[PDB]
Amino acid sequence: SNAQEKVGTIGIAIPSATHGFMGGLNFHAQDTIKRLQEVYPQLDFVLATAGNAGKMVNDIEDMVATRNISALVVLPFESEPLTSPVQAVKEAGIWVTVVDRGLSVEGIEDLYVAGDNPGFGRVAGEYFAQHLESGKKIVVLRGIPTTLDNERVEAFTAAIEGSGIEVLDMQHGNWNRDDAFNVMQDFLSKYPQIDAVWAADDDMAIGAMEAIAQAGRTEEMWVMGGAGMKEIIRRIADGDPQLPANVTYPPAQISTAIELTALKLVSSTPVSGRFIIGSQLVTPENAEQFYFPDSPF
Amino acid sequence: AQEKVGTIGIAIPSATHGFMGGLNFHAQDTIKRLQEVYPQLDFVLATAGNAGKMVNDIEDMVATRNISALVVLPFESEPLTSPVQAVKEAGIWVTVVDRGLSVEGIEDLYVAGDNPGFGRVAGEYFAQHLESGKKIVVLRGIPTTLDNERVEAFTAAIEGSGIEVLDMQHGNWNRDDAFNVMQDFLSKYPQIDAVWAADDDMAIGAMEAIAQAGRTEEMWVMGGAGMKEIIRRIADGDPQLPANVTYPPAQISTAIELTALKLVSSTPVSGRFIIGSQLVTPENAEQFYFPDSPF
């Protein structure tokens, strides 16, 4: 008959976004908090979304000073500006889970959760090696030139080593639909036979698909994207042979981090350390599991 | 009353005492927690005294309990590999704990403790609490890859500290062998400022030797993995035990909790989770105190 005991308050600081990968992440964060409000009513949650680093820092300082958080789940807007702030959170005795982007100094956080970039590459590459015979021709769209893009591409390249697959070219589409369209338009102009495309990303794949359709070559090649936009997952689930498979890189990694942080507060389960969430092959057979009709991603 | 969404099987080595007995306790304790939190799950737990028996428990689980997921701590790597492959091939989620299979890529999720982590956190403590010129002795485990990992990381974390390592000898993660190694250390070295016992059972045997020699006041001891009696003394400020380093038998709990999340939510839980070793101090020790555990 007494008031509900609260065992702690989880703060969640993430980049604000209404569309794209980060939009889907915002959605999964909000969805997880709603699930956990029901499962663990002894927890409270604060969610602050920030359009730049300065505002995340101020959000975090306010969360500590006035909202008495006892755990922080932070996806750093940028590594360096968030490092002393998050060290101050740790100094105050607050649990810290870092998601996605590391801080500039090591060993601050209690728990680090992120996706698997070498994994993503390798799963994609294994799919190509297992479905294309020697001498088939592909093109690759890369992301923004980055360490992360390098990890995916190196793992993919290692996985098709010795398959005899001919990689006609690789160009950067910058995880952007329009750059991707432009790159694919050029690939189509230049290469009269292309058997498959590693678009490596779902936004990039939509751009690639339109360039292919304007070229009237939709039937000629399949396309592997990445990260699981609902509209692509929808089509894979419905057996669209232009999209025979995909690879996850879950924006719901944020849900993983929040769930684990809740376990820390409500149980004695060990959840410190490093969790690299695996990338998974999506096929028509398992696609429904990955369909979030309410997601803006 | 609750509709069931699926059954989780758990296959672990049997033990009523030691580290693995603590692990059995945590498995049961988590299952009990989850019967309250997620009544939509069922659980079947089976423990084995040898690899051959774990194989048959797992075939049987699949054959007659209709499990949706398996949490397995393999008894030995090689004999468990094909049977666990067969589980994955029947469409059942697989979480492997602690000991890997002999081929990569089978499990959906791998959960284990951090052996480099354990030695570095210990070594960091030594470096931060001992001045240049202080002298230690080290007890190692059984000659193993895992012991090599801990010792390499400890050594690395104390480099440049000036700590003299008087000797290091294998105590085989056993009380009696540790007693014998420490008796010898005490015979040879007239002043020892600290002992990296590196395991709580080894710590207990070392402390008996030190007490026999009348040198309890002389040196502090760091163990490992968090036996309740040691945790109790750290919480209570015993100056002989100023800190410890976790390497959790409750890793099994992390593995079961995550596997539960796979069946009750859309939370992504595949991949690789290396559970971090933490420093235990008097200030935090009560959180690692489990009075009902046999460990």
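Each reported figure results from applying straightforward, stated rules to the coordinates on display, with no laboratory input. Don't worry about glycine lacking a Cβ; one is built from the backbone with ideal geometry, like all the others, and counts go over all protein chains shown.
Say we join alpha carbon atoms closer than 10 Å with springs in a Gaussian network model of chain B; which of B:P79, B:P190, B:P13 then has the biggest fluctuation? Ranking B:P79, B:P190, B:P13 by mean-square fluctuation puts B:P190 first. Only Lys, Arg, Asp and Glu carry charge here, each on its Cβ (+1 for the first two, -1 for the last two); on that basis segment B:1-131 has a dipole of about 280 debye about its Cα centre. Result for chain B in a Gaussian network model with C-alpha springs under 10 Å: among B:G123, B:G52, B:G22, the largest mean-square fluctuation is at B:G52.
Around A:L132, with a cut-off of 12 angstrom between Cβ atoms, what is the net charge of the other residues, counting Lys and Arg +1 and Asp and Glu -1? It would help to have the intermediate numbers written out before the result.
On the way: positive: A:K136, A:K137; negative: A:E126, A:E133, A:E166, A:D195.
My count for the surroundings of A:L132 gives -2.
Here the 3J(HN,Hα) profile of segment B:123-138, calculated from phi with Karplus coefficients 6.51, -1.76 and 1.60 at θ = phi - 60°, is x, 5, 4, 4, 5, 8, 10, 10, 6, 3, x, 5, 10, 10, 10, 10 Hz, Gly and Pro shown as x. In segment A:1-147, the C-alpha radius of gyration followed by the widest Cα-Cα span (Dmax) gives 19.3, 73 angstrom. Here's how it looks for B:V71: its modeled amide H is under 5 Å from those of B:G9, B:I10, B:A11, B:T95, which are all 5 or more places away or on a different chain. Normalised by the number of residues in segment B:1-131, the average gap of Cα pairs under 8 Å and 6 or more apart makes the relative contact order 23 percent. Per-residue Cβ neighbour counts within 10 Å put A:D62, A:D44 in the sequence A:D62, A:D44, beginning with the fewest. Do the alpha carbons of any pairs in A:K136/A:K190; B:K53/B:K228; A:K264/B:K32; B:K4/B:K262; B:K4/B:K53; A:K6/A:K55 sit beyond 20 Å of each other, and which pairs? Long pairs (Cα-Cα over 20 Å): B:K53/B:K228; B:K4/B:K53; A:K6/A:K55. When chain B is treated as a Gaussian network with alpha carbon springs shorter than 10 Å, the biggest mean-square fluctuation among B:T144, B:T155, B:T259 belongs to B:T144.
Based on Cβ point charges of +1 for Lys and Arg and -1 for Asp and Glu, what charge dipole magnitude is obtained for the protein assembly as shown about its Cα centre, in debye rounded to the nearest 20?
Numbers: 40 positive and 80 negative charges, 114 e Å.
Charge dipole, the protein assembly as shown, about its Cα centre: 540 debye, nearest 20.
For the pair A:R234 and A:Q87 in one chain, pulling the backbone fully straight at 0.36 nm per residue adds 48.7 nm over the alpha carbon distance.
Remark: chain A carries a charge dipole of roughly 420 debye about the Cα centre, counting +1 on each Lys and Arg Cβ and -1 on each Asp and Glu Cβ.
Net charge near A:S267: determine it from the other residues with C-beta under 12 Å of the C-beta of A:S267, scoring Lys and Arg +1 and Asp and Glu -1. That works out to -1.
Take every DSSP beta bridge with both residues inside chain B and express the antiparallel ones as a percent of the total, to the nearest 5.
5 percent
For chain B, take N as its residue count and report Rg(C-alpha) divided by 2.2 N^0.38 Å. List each step's numbers first, then the result.
Details: Rg = 20.8 Å, N = 295, 2.2 N^0.38 = 19.1 Å.
So chain B has a normalised radius of gyration of 1.09.
For B:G6, the residues whose amide H sits under 5 Å from its own are B:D42, ignoring neighbours fewer than 5 places away on the same chain, with H placed 1.01 Å from N.
Over segment A:175-290, Cα pairs under 8 Å with separation of 6+ residues give a relative contact order of 23 percent. Each Cα pair under 8 Å and six or more residues apart adds its separation to the average, and for chain B the resulting relative contact order is 20 percent.
Per DSSP helix of 4 or more residues, -39500 (n - 2.57); summed, then divided by the residues of chain B. What does that give at 222 nm, rounded to the nearest 500? Provide the component values of the computation, followed by the final result.
On the way: 9 runs with 121 residues, N = 295.
Taking each H run of at least 4 residues, the total per residue is -13000 deg cm²/dmol.
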